[PDB]
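J.: No sequence on hand, only this structure:
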RNA sequence: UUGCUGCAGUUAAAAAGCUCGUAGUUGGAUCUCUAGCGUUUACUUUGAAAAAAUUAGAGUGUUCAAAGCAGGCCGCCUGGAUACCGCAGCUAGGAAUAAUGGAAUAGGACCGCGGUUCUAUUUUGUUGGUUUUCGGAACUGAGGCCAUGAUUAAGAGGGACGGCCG
RNA sequence: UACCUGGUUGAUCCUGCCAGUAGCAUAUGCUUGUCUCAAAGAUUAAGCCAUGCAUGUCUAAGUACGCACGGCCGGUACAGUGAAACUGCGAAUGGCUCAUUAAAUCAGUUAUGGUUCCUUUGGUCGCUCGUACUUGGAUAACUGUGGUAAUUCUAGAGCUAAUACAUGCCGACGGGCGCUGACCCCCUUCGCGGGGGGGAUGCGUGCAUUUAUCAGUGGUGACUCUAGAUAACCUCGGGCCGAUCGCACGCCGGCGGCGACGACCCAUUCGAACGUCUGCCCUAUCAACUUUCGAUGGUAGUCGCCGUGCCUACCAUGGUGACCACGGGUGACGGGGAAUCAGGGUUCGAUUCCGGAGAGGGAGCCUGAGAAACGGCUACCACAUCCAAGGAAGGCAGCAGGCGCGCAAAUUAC
């Protein structure tokens, strides 16, 4: 069609939001921002559907327009603003801080953090370039362009940024025997340790990840995010420890709890 | 409604293609800027992405580079002598990229004199008009005399350029698209290609 | 000239061929510096490319053509154009109703760099995808293997 | 009663009057790894990639059901699984089966040996002029060795010759 | 649930079809108590439409001298709510329908190292050495005089705004860095001469743009990548380098915090556009086709946001085809899917999600980041409305509704 699309049909929305069929015809339609439309989360969904604070669409803008909600220590009134992976949502009214981490089954989970941990965030560097009198530059997965990076930071490494400033505190290299998390494909939300990468020139690089419970799986390089140094994570994990336990013991656990 | 679409052409096999959509905007073209020699007349056209494109209708002056010693000067374009694509544009006096153009020799000669102090395009007997004598046979300190004496060895222009300087105009190939960029920039011809274009210009008539 | 067929002058755009040379080097010999690049996917640049005097803007080794996308093969069927050849690609299409195959061929025009000299019909050629070069040419010859 | 699985063609409807022949399809035994490889595929097994809705299918007393994605306990403990996704394109194992070729006027393999041209950019504390080797190529004048190199000869087929036969 | 039964004969065993049997969709007949869920002018005519409605919009924060309201305080430029109009943005999404369309659309897979991109989100924004304590002219709105039978028609007259439209400076600013270079110092030289420092006067300087040269900070599977150096260029149809607004007020005449509008350029998000490989129904009573007027390729340009016969010039004589080209037909939009069903299959898919296309038929274009837009304009062709006959105005395949067409499809509702 002519020009860009403005709407989004409800059934055409990405599955990990878990919008039901009958509520309406349209969906939230995440607006342009740091994270991709397919792999983000509108605040209207997070507030209304996940935290169960707002009932209707009006209550969400009535919350947001009173400027009670910050994303990465910055006030956002846009109810369809895309907050994606590693983004820290802060409610300073009720003093509640959330980090958006994918759960085992492959969706953003309502994972609370201490206010002391809502100071920094981890970020995967997309590229590294230099320009105009050679001040080198870095670009990350949440589109934060940072000047004068540490020259030890190469492409596909992770960096820890203080949210109040815009400067790198510490960084993790992408090497063998490092804790990573999958952010795309069948294995989305699984945490594990790198074993090796198999470089395919002129094509996608494939990496092999071993889980804590002896489960080994492969994934594309683009869908990898280093979260810890060695085996120890630099952030809190969700309810489960990123362990994909199968339907058999899912049933056994559920029936055991009953 | 000039169209640069593929779907109006026949297929590789040779069969006709029936069009499913009528002509779009992004498929448009525009009439050719048949850029003549004359005082600066440049029109601008608003293009895709809301950018501008400088359509030079009549150009007089452009800057060319002497690559062998690396010095670039603004010069009045004299005449178009040879065009590789089509011979009509040589008669119409039309400026396009990779067309051979006689240009004025003033600034290069003035640079050469001011740099080395060796006469170019001067005859055996022309009387030095009172202004150049304080560049050619000017006095200076022994350091600068020695510094210039060192440059004397290097400064040896090829025979092919001498007659052109003596005539007072150089052959120059245009490297900038004057229809799109809106200026007639390029380089003065030298060595193998100078000879190639000389024998080609001579062969044309 | 040997390399000079057309109306316009032929020369590699990166190469400058009008340096100030002193007589000790001028009268000694004459040789233009030949530009070549290494295409990435483990293909050795042929000696005739780094040694040759041919000028071709569509040669992947000695032109402005970057090889990216799919690497295919084909058998040469017609070498009857200027620096481009018609190659044939044979494959079996599986019909699931009958559970049998049918053989099909595709003829594609590929650009053949003038380095690949004394190459005959019938031998197999490995071709690389590049940006479009003409109406029908999208592929460039990377290496030849003799029948 | 459109037959790939799976149909008919002596008389029920049906084998061209007959032979040759290009394309098409099919085709006899046989051969037990040193950052680059191994002769290349088809085949088969695994991996990642592949929109939801739909379909299969887990959980849940819509009062039951078709449905829906909810709900349940006295502020709490939950769920919104999972599978399939032709073909083709990527990825790593297997090497039976089926195609293809590795040395035949030996410019054939493997080993040390003679020279022609050019070049690497370490070297004579740094710096300018000659000559070098080492690092790395095509061309060759010879030499040693290979247990040196051709599977069988189809109750497949062409051709040769022998005495007949109609 | 992997199913059969009647019908040729005087009777028999067959081949074989006609008939029966069940499901699914459209119509239609007669019948019709309760309750939930729910398709619905697709087929024929992408035929034609009266009428009403379907795209508008203001915050403390661009422009408030409409008394349209009352309110201070009365020498306080502007208390406030705010019609109207200028300015900004949107109207390219949504909705409808399936005429077109047969390697086209479209699907899975890859590429832009060959391109643009409003907006959001980051980066950048005294890095440039040369009236500022705020510059200029107009026009709406309003008032007043009008014309025409007529429309969301508009001319003339009198004022007045800017984040509209123009123009344009201090400051950072002291210098540094490349060149040109009279004069001064030092060592050797008897001296000539050779070698090493210091310099006032002129020239240019940053990012973006265009061209040529030199050297090889960070990256790629591979750059003619990115950055750096050098000589210059820089469009009067001019490119950045802020004459703008709001709330809170402070510190020893200046210095400031919190925002909002802007902005050249890079990154990002939403895309879009061109491509790569493989895949489509029937037809030989379509066997050779394409190349005069571009067919296939080569060199040079033009045009375009870029790659390219996209187009022009000059050359070559190619490119596809019984593995079905080319041509014709389609009661053909393509997929995700639907019905049926042992296993295999057959048939349908206008229709709610994705992609494409068109607004009666073609064609051309303004504005804009985005349109070859039709609830934008301009012309012709076909239909048709008003009329004082001079001229004016058209687009339901948006929602209702009507006519037509037909076997075939709902309310001018809130």
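T.: All right, it came through fine. Residues are numbered from 1 along each chain as shown, chains lettered A, B, ... in the order given.

J.: so the residue nearest to residue B:47 when sequence neighbours are not counted, which of the three states?
T.: Spatial nearest neighbour of residue B:47, excluding adjacent residues (CB to CB, 6 or more residues apart in numbering or on different chains): residue B:53 at 5.0 Å. In this view, the C-beta of every residue, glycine as well, is placed from N, C-alpha and C. Secondary structure, DSSP: H, G, I helix; E, B strand; the rest coil: residue B:53 is strand.

J.: Stretch B:52-67 and RNA strand E, any residue contact?
T.: Yes: interface with RNA strand E: stretch B:52-67 contributes B:52, B:53, B:54, B:55, B:56, B:61, B:63, B:65, B:67 (CB under 7 Å from any atom of the strand).

J.: Could you list the buried residues of that stretch?
T.: B:53, B:55, B:56, B:57, B:59, B:62, B:64, B:65, B:66, B:67 (16 or more other CB atoms under 10 Å in any protein chain shown).

J.: near chain C at all, the helix or strand containing residue B:102?
T.: According to DSSP states H and E, residue B:102 maps onto strand B:99-104. No: residues of strand B:99-104 are not located near chain C by CB under 8 Å from any CB of the partner chain, the shortest gap being 9.7 Å.

J.: What lies in contact with that strand?
T.: By CB atoms under 8 Å, 6 or more residues apart in numbering or on different chains, the residues outside strand B:99-104 that reach it are B:62, B:64, B:75-84, B:89, B:95, B:168-174, B:184, B:186, B:188-189, B:197, B:201.

J.: Let's see that with 6 Å instead.
T.: By CB atoms under 6 Å, 6 or more residues apart in numbering or on different chains, the surrounding residues in contact with strand B:99-104 are B:75-83, B:169-172, B:174, B:197.

J.: Looking at the residues you listed, which is nearest chain C?
T.: Of all the contacts of strand B:99-104, residue B:197 has the smallest distance to chain C: 7.0 Å, by CB to the nearest CB.

J.: show me the contacts for that closest one.
T.: B:100, B:189.

J.: Check residue C:141 too.
T.: C:110, C:112, C:125, C:127.

J.: ok, 7 Å please
T.: Shown in contact with residue C:141 (CB atoms under 7 Å, 6 or more residues apart in numbering or on different chains): C:110, C:111, C:112, C:113, C:116, C:125, C:127.

J.: What is the neighbour count of the second one?
T.: Using other CB atoms under 10 Å in any protein chain shown as the criterion, residue C:111 is surrounded by 23 other residues.

J.: Report the beta-bridge partners for it.
T.: On the basis of DSSP bridges, residue C:111 is bridged to residue C:84, residue C:140.

J.: Now do the residue of the stretch 1-150 of chain A found nearest chain C against residue A:150, distance only.
T.: At 17.6 Å from chain C, residue A:127 is the closest residue in the stretch 1-150 of chain A, using CB to the nearest CB. From residue A:127 across to residue A:150, the span is 16 Å (CB to CB, to the nearest Å).

J.: ok, how many other residues are close to the closest residue to residue A:174 other than its chain neighbours?
T.: Using CB to CB, 6+ apart and skipping residues adjacent in sequence, the residue nearest residue A:174 is residue A:156, 4.6 Å away. Neighbour count for residue A:156, taken as other CB under 10 Å: 17.

J.: Secondary structure element for residue A:156, which one?
T.: For residue A:156, there is no host helix or strand (DSSP H and E).

J.: The spatially most central residue of chain B bridge partners, please.
T.: The centre of chain B sits closest to residue B:174, judged by CA atoms, centre = their mean, with a distance of 3.7 Å. Residue B:174 forms beta bridges with residue B:186, as assigned by DSSP bridges.

J.: Hmm, residue B:187 and it touching each other?
T.: No: counting by CB atoms under 7 Å, residue B:174 sits too far from residue B:187 to count as a contact (8.8 Å).

J.: List the buried residues for the helix or strand where residue B:111 lies?
T.: Using DSSP H and E, residue B:111 maps to helix B:106-115. Residues of helix B:106-115 classed as buried: B:107, B:108, B:109, B:111, B:112, B:113 (neighbour count, 16+ other CB under 10 Å).

J.: with these in mind, which one is nearest to residue A:176?
T.: residue B:111 (61.6 Å; CB to CB).

J.: How is chain B partitioned into domains?
T.: Chain B breaks down by curated CATH domains into domains covering B:1-30, B:31-105+B:169-205, B:106-168.

J.: Same list, these, but as a markdown table with distance to residue C:76 please.
T.: Putting these into a markdown table (distance: least, CB to CB, whole Å) gives the following:
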| stretch | distance to residue C:76 |
| --- | --- |
| domain B:1-30 | 18 |
| domain B:31-105+B:169-205 | 33 |
| domain B:106-168 | 45 |
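
J.: Would you tell me which of those domains gets closest to residue A:34?
T.: domain B:31-105+B:169-205 (23.7 Å).

J.: now the end-to-end length of that closest one.
T.: 31 Å (CA to CA, to the nearest Å).

J.: I'd like to know how many residues surround the residue in chain C positioned nearest to chain B.
T.: Residue of chain C nearest chain B, by CB to the nearest CB: residue C:8 (3.6 Å). A count of nearby residues for residue C:8, using other CB under 10 Å, gives 18.

J.: Would you mind confirming that it makes contact with residue B:82?
T.: No: the pair residue C:8 / residue B:82 is not scored as a contact, 9.9 Å apart, by CB under 7 Å.

J.: what does chain B have sitting close to chain C?
T.: Residues of chain B found near chain C (CB under 7 Å from any CB of the partner chain) are B:12, B:67-69, B:84, B:98, B:154, B:190-193, B:196-197.

J.: so can I have a markdown table of those residues showing distance to residue A:187 and secondary structure?
T.: Shown next, in a markdown table, are the residues of chain B next to chain C (distance: CB to CB, whole Å; DSSP: H, G, I helix; E, B strand; the rest coil):
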| residue | distance to residue A:187 | secondary structure |
| --- | --- | --- |
| B:12 | 44 | coil |
| B:67 | 58 | coil |
| B:68 | 62 | coil |
| B:69 | 63 | coil |
| B:84 | 59 | coil |
| B:98 | 56 | coil |
| B:154 | 68 | helix |
| B:190 | 63 | coil |
| B:191 | 63 | helix |
| B:192 | 62 | helix |
| B:193 | 60 | helix |
| B:196 | 63 | helix |
| B:197 | 65 | helix |
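
J.: Would you map the helices across chain B?
T.: B:88-92, B:106-115, B:133-136, B:142-154, B:159-167, B:191-204 (DSSP state H).

J.: Let me know which of the ones you listed is the nearest to residue A:90.
T.: helix B:106-115 (65.6 Å).

J.: can you tell me the helix or strand for the residue in chain A sticking out farthest from the centre?
T.: No residue in chain A sits farther from the centre than residue A:133, which is 34.0 Å out by CA atoms, centre = their mean. Using DSSP H and E, residue A:133 sits within no helix or strand.

J.: In chain A, what residue comes closest to chain C?
T.: For chain A, CB to the nearest CB, closest residue to chain C: residue A:202, 5.2 Å.

J.: Surely that residue is in contact with residue C:41?
T.: Yes: counting by CB under 7 Å, residue C:41 is a contact partner of residue A:202 at 5.2 Å.

J.: re earlier: contact partners for the residue nearest to residue B:47?
T.: Contacts of residue B:53 by CB under 7 Å, 6+ apart are B:44, B:45, B:47, B:180.

J.: Just the buried ones among those residues, please.
T.: For those, buried by 16+ other CB under 10 Å: none.

J.: Quick check: the farthest pair among these?
T.: B:44 and B:180 (11.4 Å).

J.: number of nearby residues for the residue in chain C that RNA strand E sits nearest to?
T.: Closest contact between chain C and RNA strand E, by CB to the nearest atom of the strand, is at residue C:40 (2.2 Å). Residue C:40 is flanked by 12 other residues according to other CB under 10 Å.
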